[PDB]
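The next block is run_22.txt, given as compact mmCIF, C-alpha atoms and all ligand atoms.
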# COMPACT_ATOMS: atom_id res chain seq x y z
CA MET Q 1 14.36 8.86 -8.99
CA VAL Q 2 16.87 7.33 -6.60
CA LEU Q 3 16.87 7.09 -2.82
CA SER Q 4 20.13 7.46 -0.90
CA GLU Q 5 21.18 4.67 1.51
CA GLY Q 6 20.35 7.00 4.38
CA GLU Q 7 16.80 7.43 3.06
CA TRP Q 8 16.42 3.64 2.70
CA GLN Q 9 17.64 3.25 6.27
CA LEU Q 10 14.90 5.54 7.57
CA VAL Q 11 12.28 3.60 5.58
CA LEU Q 12 13.39 0.16 6.73
CA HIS Q 13 13.86 1.30 10.33
CA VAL Q 14 10.19 2.24 10.71
CA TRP Q 15 9.12 -0.72 8.60
CA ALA Q 16 10.83 -2.99 11.14
CA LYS Q 17 8.39 -1.63 13.72
CA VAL Q 18 5.41 -2.26 11.44
CA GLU Q 19 6.52 -5.87 11.03
CA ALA Q 20 6.12 -6.44 14.77
CA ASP Q 21 2.36 -6.46 14.09
CA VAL Q 22 1.66 -6.86 10.38
CA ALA Q 23 -2.00 -7.81 10.82
CA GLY Q 24 -2.82 -4.83 13.04
CA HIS Q 25 -1.14 -2.34 10.73
CA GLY Q 26 -2.90 -3.93 7.73
CA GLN Q 27 -6.31 -3.42 9.36
CA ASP Q 28 -5.65 0.20 10.34
CA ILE Q 29 -4.45 1.05 6.85
CA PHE Q 30 -7.39 -0.48 4.96
CA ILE Q 31 -9.91 0.98 7.38
CA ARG Q 32 -8.33 4.41 6.92
CA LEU Q 33 -8.38 3.97 3.14
CA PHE Q 34 -12.00 2.82 3.03
CA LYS Q 35 -13.19 5.54 5.40
CA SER Q 36 -11.32 8.40 3.68
CA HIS Q 37 -11.98 7.34 0.09
CA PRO Q 38 -15.09 5.15 0.13
CA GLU Q 39 -15.02 4.80 -3.64
CA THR Q 40 -12.04 2.48 -3.25
CA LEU Q 41 -14.19 -0.04 -1.40
CA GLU Q 42 -16.16 -0.60 -4.60
CA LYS Q 43 -13.15 -2.26 -6.25
CA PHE Q 44 -13.29 -5.14 -3.79
CA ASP Q 45 -15.99 -7.72 -4.55
CA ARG Q 46 -15.17 -9.44 -1.29
CA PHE Q 47 -15.50 -6.36 0.94
CA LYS Q 48 -17.89 -3.93 -0.67
CA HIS Q 49 -20.79 -5.04 1.51
CA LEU Q 50 -19.03 -3.82 4.69
CA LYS Q 51 -21.00 -0.85 6.05
CA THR Q 52 -19.21 0.31 9.23
CA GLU Q 53 -15.77 0.48 10.81
CA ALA Q 54 -16.91 -2.08 13.34
CA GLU Q 55 -17.72 -4.54 10.58
CA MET Q 56 -14.38 -3.91 8.96
CA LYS Q 57 -12.51 -4.52 12.18
CA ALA Q 58 -14.34 -7.79 12.67
CA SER Q 59 -13.72 -9.13 9.19
CA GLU Q 60 -11.23 -12.03 9.22
CA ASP Q 61 -10.92 -11.91 5.43
CA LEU Q 62 -10.02 -8.20 5.48
CA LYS Q 63 -7.37 -8.86 8.13
CA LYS Q 64 -5.86 -11.68 6.06
CA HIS Q 65 -5.93 -9.45 2.96
CA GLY Q 66 -4.11 -6.65 4.79
CA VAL Q 67 -1.33 -9.11 5.75
CA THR Q 68 -0.92 -10.28 2.14
CA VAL Q 69 -0.73 -6.67 0.93
CA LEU Q 70 1.78 -5.42 3.54
CA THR Q 71 3.90 -8.54 3.07
CA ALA Q 72 4.13 -7.87 -0.68
CA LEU Q 73 4.93 -4.18 -0.07
CA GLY Q 74 7.55 -5.00 2.54
CA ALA Q 75 9.28 -7.35 0.07
CA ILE Q 76 9.47 -4.54 -2.48
CA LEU Q 77 10.78 -1.99 0.02
CA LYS Q 78 13.51 -4.37 1.20
CA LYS Q 79 14.81 -4.54 -2.39
CA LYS Q 80 15.80 -0.86 -2.03
CA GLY Q 81 14.80 0.07 -5.58
CA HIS Q 82 15.85 -3.20 -7.28
CA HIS Q 83 12.28 -4.39 -7.46
CA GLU Q 84 11.59 -4.99 -11.16
CA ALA Q 85 10.79 -8.68 -10.75
CA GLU Q 86 8.49 -8.14 -7.75
CA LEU Q 87 6.59 -5.40 -9.54
CA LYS Q 88 5.78 -7.37 -12.71
CA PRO Q 89 3.07 -9.74 -11.42
CA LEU Q 90 1.69 -6.98 -9.18
CA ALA Q 91 1.38 -4.55 -12.06
CA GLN Q 92 -0.26 -7.15 -14.27
CA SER Q 93 -2.97 -8.19 -11.81
CA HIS Q 94 -3.79 -4.63 -10.73
CA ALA Q 95 -3.90 -3.31 -14.28
CA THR Q 96 -5.80 -6.04 -16.03
CA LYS Q 97 -7.67 -8.07 -13.43
CA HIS Q 98 -8.52 -5.62 -10.61
CA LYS Q 99 -8.36 -2.46 -12.77
CA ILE Q 100 -6.85 -0.12 -10.18
CA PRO Q 101 -6.11 3.46 -11.31
CA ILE Q 102 -2.87 5.12 -10.27
CA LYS Q 103 -4.94 7.63 -8.32
CA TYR Q 104 -6.03 4.87 -5.92
CA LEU Q 105 -2.40 3.93 -5.25
CA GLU Q 106 -1.88 7.53 -4.16
CA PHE Q 107 -4.82 7.17 -1.78
CA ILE Q 108 -3.38 4.05 -0.12
CA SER Q 109 0.03 5.74 0.05
CA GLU Q 110 -1.57 8.56 2.08
CA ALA Q 111 -3.25 6.01 4.35
CA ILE Q 112 0.04 4.23 5.00
CA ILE Q 113 1.69 7.52 5.86
CA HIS Q 114 -1.17 8.52 8.21
CA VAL Q 115 -1.04 5.22 10.11
CA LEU Q 116 2.75 5.28 10.55
CA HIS Q 117 2.54 8.85 11.72
CA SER Q 118 -0.12 7.89 14.29
CA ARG Q 119 1.52 4.71 15.53
CA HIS Q 120 5.26 5.50 15.33
CA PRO Q 121 5.75 9.24 15.97
CA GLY Q 122 9.22 8.73 17.45
CA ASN Q 123 10.44 6.87 14.37
CA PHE Q 124 8.44 8.89 11.87
CA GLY Q 125 9.47 12.55 12.16
CA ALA Q 126 9.74 14.78 9.06
CA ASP Q 127 12.91 13.26 7.58
CA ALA Q 128 11.63 9.68 7.91
CA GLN Q 129 8.26 10.71 6.47
CA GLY Q 130 10.02 12.41 3.56
CA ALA Q 131 11.95 9.21 2.95
CA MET Q 132 8.88 6.96 3.03
CA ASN Q 133 7.06 9.36 0.72
CA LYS Q 134 9.95 9.14 -1.70
CA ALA Q 135 9.96 5.32 -1.50
CA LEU Q 136 6.22 5.20 -2.25
CA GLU Q 137 6.50 7.70 -5.07
CA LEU Q 138 9.23 5.54 -6.61
CA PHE Q 139 6.93 2.52 -6.32
CA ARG Q 140 4.04 4.41 -7.96
CA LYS Q 141 6.20 5.76 -10.78
CA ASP Q 142 7.55 2.30 -11.62
CA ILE Q 143 4.09 0.74 -11.50
CA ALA Q 144 2.68 3.52 -13.71
CA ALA Q 145 5.42 2.76 -16.25
CA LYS Q 146 4.55 -0.93 -16.23
CA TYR Q 147 0.83 -0.08 -16.51
CA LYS Q 148 1.63 1.72 -19.75
CA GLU Q 149 3.66 -1.19 -21.10
CA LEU Q 150 0.76 -3.55 -20.27
CA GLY Q 151 -1.81 -1.41 -22.08
CA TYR Q 152 -3.67 0.16 -19.18
CA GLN Q 153 -1.79 3.14 -17.75
CA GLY Q 154 -4.94 3.97 -15.79
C1 LIG Q 201 0.72 -0.70 -1.84
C2 LIG Q 201 -0.24 -0.98 -2.89
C3 LIG Q 201 -0.69 -2.31 -3.12
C4 LIG Q 201 -0.11 -3.54 -2.98
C5 LIG Q 201 1.31 -3.87 -2.51
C6 LIG Q 201 -1.12 -4.52 -3.32
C7 LIG Q 201 -0.90 -5.88 -3.22
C8 LIG Q 201 -1.88 -6.80 -3.51
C9 LIG Q 201 -1.64 -8.23 -3.46
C10 LIG Q 201 -0.28 -8.88 -3.20
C11 LIG Q 201 -2.81 -8.83 -3.79
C12 LIG Q 201 -3.08 -10.32 -3.98
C13 LIG Q 201 -2.62 -10.96 -5.30
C14 LIG Q 201 -3.00 -10.17 -6.55
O1 LIG Q 201 -4.21 -10.20 -6.88
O2 LIG Q 201 -2.08 -9.57 -7.13
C15 LIG Q 201 -3.76 -7.78 -4.06
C16 LIG Q 201 -5.05 -8.02 -4.48
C17 LIG Q 201 -5.94 -7.00 -4.74
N1 LIG Q 201 -5.67 -5.65 -4.75
FE1 LIG Q 201 -4.03 -4.77 -4.10
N2 LIG Q 201 -2.28 -3.90 -3.72
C18 LIG Q 201 -2.05 -2.55 -3.57
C19 LIG Q 201 -2.95 -1.53 -3.80
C20 LIG Q 201 -4.26 -1.79 -4.12
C21 LIG Q 201 -5.27 -0.75 -4.20
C22 LIG Q 201 -5.00 0.72 -3.92
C23 LIG Q 201 -6.44 -1.34 -4.57
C24 LIG Q 201 -7.77 -0.91 -4.82
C25 LIG Q 201 -8.23 0.40 -4.44
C26 LIG Q 201 -6.15 -2.76 -4.69
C27 LIG Q 201 -7.11 -3.68 -5.06
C28 LIG Q 201 -6.87 -5.03 -5.03
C29 LIG Q 201 -7.89 -6.02 -5.31
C30 LIG Q 201 -9.31 -5.70 -5.76
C31 LIG Q 201 -7.33 -7.23 -5.05
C32 LIG Q 201 -8.02 -8.60 -4.94
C33 LIG Q 201 -8.56 -8.95 -3.53
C34 LIG Q 201 -9.33 -10.27 -3.48
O3 LIG Q 201 -10.50 -10.24 -3.89
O4 LIG Q 201 -8.70 -11.25 -3.03
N3 LIG Q 201 -4.83 -3.02 -4.40
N4 LIG Q 201 -3.18 -6.54 -3.87
In structure tokens, what does this structure look like?
Amino acid sequence: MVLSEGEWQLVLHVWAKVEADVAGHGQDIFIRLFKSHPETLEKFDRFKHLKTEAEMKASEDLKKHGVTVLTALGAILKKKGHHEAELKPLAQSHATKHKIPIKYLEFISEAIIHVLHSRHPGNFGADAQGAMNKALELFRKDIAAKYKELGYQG
């Protein structure tokens, strides 16, 4: 799949808002993920003891993790589809060290979309949401392809 320039512009316009508070958006997204799909929490040795939303909000390590994750994702989005080199180390650690199934990348995609919809309604109407969905689908398809090359394709 291929996004048009106009679709990329919608994606990077709302992402520019996210980047005004990377740490805050990172927290909301991981809390949404962990609350909606608790099984995902089990993949994180560092966080799986966290029992409540309050504990998650107070965790300094989870906040730092969320910043690392959104920073990596933002670098990929700003490539506008030319992201082969960025995806390679990411695919390798998630396939063979962390062991993250493609299904869980769909779950975090839904969490990102929910949080942008809640925080940026004026910059995230239906066309912008359609464009971000397409960007994230592109990301997932290209990581699934690398997963297969690396021997996991989980
Ligand atoms: C937008 C999707 C994602 C991005 C951009 C992303 C990015 C990252 C980055 C950059 C790191 C640190 C370096 C590394 O180990 O490669 C990381 C670590 C990790 N990722 Fe993700 N990731 C994503 C989705 C997920 C999902 C959905 C899960 C699990 C449900 C996951 C589980 C992990 C784990 C277990 C670590 C190690 C954390 C630690 O103990 O320090 N990732 N991820």
Within 7 Å of ligand LIG 201 (chain Q) (counting only C-alpha atoms and all ligand atoms), which residues show up? I'd like them as a PyMOL selection string.
chain Q and resi 40-41+43-46+65+68-70+72-73+89-90+93-94+98+100+104-105+107-109
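Nearest to residue 136 (chain Q) of all the residues Q:23, Q:29, Q:62, Q:113 is Q:113, counting all atoms listed in the file.
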Of Q:110, Q:152, Q:119, Q:146, the one nearest to residue 37 (chain Q) when counting only C-alpha atoms is Q:110
How far is it from CA of residue 123 (chain Q) to CA of residue 135 (chain Q), in Å with one decimal?
16.0 Å
Please list, as a VMD selection string, the residues that have an atom at most 10 Å away from (-6.4, -0.6, 6.3) in the coordinates of this file, counting only C-alpha atoms.
chain Q and resid 23 to 35 56 to 57 62 to 63 65 to 67 69 to 70 108 111 to 112 115
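Distance-wise, CA of residue 12 (chain Q) and CA of residue 132 (chain Q) end up 9.0 Å apart.
Residue nearest residue 88 (chain Q), chosen from Q:131, Q:138, Q:54, Q:145 and counting all atoms listed in the file: Q:145.
Between residue 125 (chain Q) and the residues Q:144, Q:10, Q:91, Q:18, the shortest atom-to-atom distance, using only C-alpha atoms, involves Q:10.
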Go through Q:126, Q:58, Q:16, Q:95 one by one, measure the shortest atom-to-atom distance of each to residue 75 (chain Q) using only C-alpha atoms, and give the residue with the smallest value.
Q:16
Restore N, CA, C and O atoms in region 13-26 of chain Q and list the result as a PDB file, in the frame of the given file.
ATOM      1  N   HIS Q  13      13.914   1.241   8.856  1.00  0.00           N
ATOM      2  CA  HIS Q  13      13.860   1.300  10.330  1.00  0.00           C
ATOM      3  C   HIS Q  13      12.425   1.378  10.822  1.00  0.00           C
ATOM      4  O   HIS Q  13      12.026   0.670  11.758  1.00  0.00           O
ATOM      5  N   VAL Q  14      11.580   2.207  10.213  1.00  0.00           N
ATOM      6  CA  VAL Q  14      10.190   2.240  10.710  1.00  0.00           C
ATOM      7  C   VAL Q  14       9.444   1.013  10.215  1.00  0.00           C
ATOM      8  O   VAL Q  14       8.524   0.490  10.842  1.00  0.00           O
ATOM      9  N   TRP Q  15       9.831   0.475   9.048  1.00  0.00           N
ATOM     10  CA  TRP Q  15       9.120  -0.720   8.600  1.00  0.00           C
ATOM     11  C   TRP Q  15       9.349  -1.886   9.550  1.00  0.00           C
ATOM     12  O   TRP Q  15       8.471  -2.740   9.754  1.00  0.00           O
ATOM     13  N   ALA Q  16      10.528  -1.939  10.172  1.00  0.00           N
ATOM     14  CA  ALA Q  16      10.830  -2.990  11.140  1.00  0.00           C
ATOM     15  C   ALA Q  16       9.857  -2.943  12.313  1.00  0.00           C
ATOM     16  O   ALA Q  16       9.496  -3.985  12.858  1.00  0.00           O
ATOM     17  N   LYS Q  17       9.403  -1.751  12.686  1.00  0.00           N
ATOM     18  CA  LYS Q  17       8.390  -1.630  13.720  1.00  0.00           C
ATOM     19  C   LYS Q  17       7.032  -2.140  13.246  1.00  0.00           C
ATOM     20  O   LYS Q  17       6.345  -2.874  13.957  1.00  0.00           O
ATOM     21  N   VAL Q  18       6.643  -1.743  12.036  1.00  0.00           N
ATOM     22  CA  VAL Q  18       5.410  -2.260  11.440  1.00  0.00           C
ATOM     23  C   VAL Q  18       5.355  -3.780  11.468  1.00  0.00           C
ATOM     24  O   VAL Q  18       4.324  -4.401  11.768  1.00  0.00           O
ATOM     25  N   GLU Q  19       6.472  -4.411  11.104  1.00  0.00           N
ATOM     26  CA  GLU Q  19       6.520  -5.870  11.030  1.00  0.00           C
ATOM     27  C   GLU Q  19       6.369  -6.521  12.396  1.00  0.00           C
ATOM     28  O   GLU Q  19       6.185  -7.739  12.489  1.00  0.00           O
ATOM     29  N   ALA Q  20       6.433  -5.767  13.501  1.00  0.00           N
ATOM     30  CA  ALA Q  20       6.120  -6.440  14.770  1.00  0.00           C
ATOM     31  C   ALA Q  20       4.639  -6.769  14.873  1.00  0.00           C
ATOM     32  O   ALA Q  20       4.252  -7.557  15.740  1.00  0.00           O
ATOM     33  N   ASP Q  21       3.790  -6.156  14.051  1.00  0.00           N
ATOM     34  CA  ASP Q  21       2.360  -6.460  14.090  1.00  0.00           C
ATOM     35  C   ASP Q  21       1.767  -6.202  12.706  1.00  0.00           C
ATOM     36  O   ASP Q  21       1.041  -5.233  12.465  1.00  0.00           O
ATOM     37  N   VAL Q  22       2.074  -7.088  11.763  1.00  0.00           N
ATOM     38  CA  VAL Q  22       1.660  -6.860  10.380  1.00  0.00           C
ATOM     39  C   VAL Q  22       0.141  -6.815  10.257  1.00  0.00           C
ATOM     40  O   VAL Q  22      -0.424  -5.960   9.574  1.00  0.00           O
ATOM     41  N   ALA Q  23      -0.543  -7.741  10.938  1.00  0.00           N
ATOM     42  CA  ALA Q  23      -2.000  -7.810  10.820  1.00  0.00           C
ATOM     43  C   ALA Q  23      -2.685  -6.555  11.339  1.00  0.00           C
ATOM     44  O   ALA Q  23      -3.638  -6.058  10.731  1.00  0.00           O
ATOM     45  N   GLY Q  24      -2.227  -6.030  12.473  1.00  0.00           N
ATOM     46  CA  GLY Q  24      -2.820  -4.830  13.040  1.00  0.00           C
ATOM     47  C   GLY Q  24      -2.625  -3.616  12.159  1.00  0.00           C
ATOM     48  O   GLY Q  24      -3.517  -2.781  11.959  1.00  0.00           O
ATOM     49  N   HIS Q  25      -1.418  -3.476  11.606  1.00  0.00           N
ATOM     50  CA  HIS Q  25      -1.140  -2.340  10.730  1.00  0.00           C
ATOM     51  C   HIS Q  25      -1.974  -2.484   9.454  1.00  0.00           C
ATOM     52  O   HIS Q  25      -2.496  -1.489   8.968  1.00  0.00           O
ATOM     53  N   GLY Q  26      -2.074  -3.704   8.919  1.00  0.00           N
ATOM     54  CA  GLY Q  26      -2.900  -3.930   7.730  1.00  0.00           C
ATOM     55  C   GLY Q  26      -4.337  -3.487   7.929  1.00  0.00           C
ATOM     56  O   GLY Q  26      -4.930  -2.799   7.084  1.00  0.00           O
TER      57      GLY Q  26
END
